[PDB]
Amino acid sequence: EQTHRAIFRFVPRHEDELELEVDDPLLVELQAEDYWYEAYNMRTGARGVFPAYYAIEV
């Protein structure tokens, strides 16, 4: 069950980050109060964290 879609291109700089292409379907498992999300990228099968602004709810 997709929760979010990526709205900005995100290229990981850091080892824990989830790469995002615009429109990637995302399952957000953890929204933290530091405004990072932890998700499964439903296109790539990868998991990681990304900045909250870079996804919107579907």
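All residue numbers refer to positions in the sequence shown, first residue = 1.
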Inset, instruction - Could you say whether, by C-alpha temperature factor, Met42 belongs to the lowest, middle or highest third of its chain? - result: highest
Inset, instruction - Can you work out whether the C-alpha temperature factor of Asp24 puts it in the lowest, middle or highest third of the chain? - result: middle
Legend entry - Third assignment of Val58 from its chain's C-alpha B-factors: highest
Inset, instruction - Could you say whether, by C-alpha temperature factor, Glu17 belongs to the lowest, middle or highest third of its chain? - result: lowest
